[PDB]
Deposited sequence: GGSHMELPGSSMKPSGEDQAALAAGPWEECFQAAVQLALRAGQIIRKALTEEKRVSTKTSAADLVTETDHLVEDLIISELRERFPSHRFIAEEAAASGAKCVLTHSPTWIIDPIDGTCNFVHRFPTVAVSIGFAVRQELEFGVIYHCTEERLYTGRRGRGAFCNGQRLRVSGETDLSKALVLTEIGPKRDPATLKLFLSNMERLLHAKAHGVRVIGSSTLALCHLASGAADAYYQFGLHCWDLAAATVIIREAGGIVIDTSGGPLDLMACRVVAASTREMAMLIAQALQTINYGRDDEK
């Protein structure tokens, strides 16, 4: 539930980052197995009693690892400079810490329960924006392409865009987009259809940076809902959830 685990995640995220950073000098799903294996093996061997969630999202009370070997897979393929590795750790059914490493830009985001968030030694702090017409909002599209999810994506985009959002961004990485929020580079984030291993780690760092993470409904976060609404402030969060729908 602490230190040796965190230290292990930081060194795993960095090693994983290197094999990824290299893979980016060309259907290569082999780099995905390469990372998830070098991680689950190490983590398992060093902590045999721990559980693992990675690519159902059921969180128990025992120490477990939520893991996203490679977030930003479509970016990875087209060599769009935005891919990350995510490692989150939970215990007693609550998020203890998260580690997200931006492979190309070499940025190590890390957060820990009650110890704050940090990107490469610097302390992260959310924007504090409350006004929606002054907000930069980020959002992605699930891996799905069915007319339904697409219908929802454009509608929320439309609704949110109606409420006078200052701007929207789609970068192909929910974990990396969440990190921008933690640091204040963005004011809010929203998505339907994102697996828990993408928001687990990120939530811990956003909470420690002063922001909030809740369900798209407005209620608390539900790691089984495959959804989320994170923002700089509660006023911001609730205003986003309001504008959303379905």
Original post:
Can you list the gaps, numbered from 1 on the deposited sequence, where no C-alpha is modelled?
Top reply: 1-25, 52-63, 93-99, 291-299
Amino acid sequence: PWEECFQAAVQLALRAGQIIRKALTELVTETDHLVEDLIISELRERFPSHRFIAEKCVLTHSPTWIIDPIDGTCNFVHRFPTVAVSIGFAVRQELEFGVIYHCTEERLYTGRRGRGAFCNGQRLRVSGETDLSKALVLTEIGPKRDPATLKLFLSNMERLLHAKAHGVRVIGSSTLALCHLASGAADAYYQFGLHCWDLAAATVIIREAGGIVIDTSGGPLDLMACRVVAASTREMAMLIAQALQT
From here on, numbers count along this sequence of modelled residues.
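For clarity, a rigid core is taken as the largest C-alpha set superposing within 1.5 Å between two forms.
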Original post:
Line up the rigid core: which moves more in 4 other deposited structures of this protein, 57-65 or 199-207, by C-alpha RMS?
Top reply: 57-65
Subject >> Stretch with greater C-alpha deviation in 4 other deposited structures of this protein, 73-81 versus 140-148 (rigid core superposition) >> reply: 140-148
Original post:
Should the higher mean CA B-factor in the entry be assigned to 37-45 or to 213-221?
Top reply: 37-45
**OP:** Decide which of the stretches 46-54 and 183-191 has the higher mean C-alpha B-factor, going by the entry.
**Re:** 46-54
**OP:** Could you say which of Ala148, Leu108, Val170, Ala84 has its CA atom at the highest B factor, as listed in the PDB entry?
**Re:** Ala148
**OP:** Please work out which residue in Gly88, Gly142, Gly72, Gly128 has the highest C-alpha B-factor recorded for this crystal structure.
**Re:** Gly142
Subject >> Record-listed C-alpha B factor of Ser155: chain third >> reply: highest
Original post:
Among the chain's modelled residues, which third holds the C-alpha B-factor of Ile66?
Top reply: middle
**OP:** Rank-wise, by C-alpha B-factor, drop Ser133 into the lowest, middle or highest third of its chain.
**Re:** highest
Subject >> Position of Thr175 among the chain's modelled residues by C-alpha B-factor, lowest, middle or highest third >> reply: lowest
Original post:
Among the chain's modelled residues, which third holds the C-alpha B-factor of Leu24?
Top reply: highest
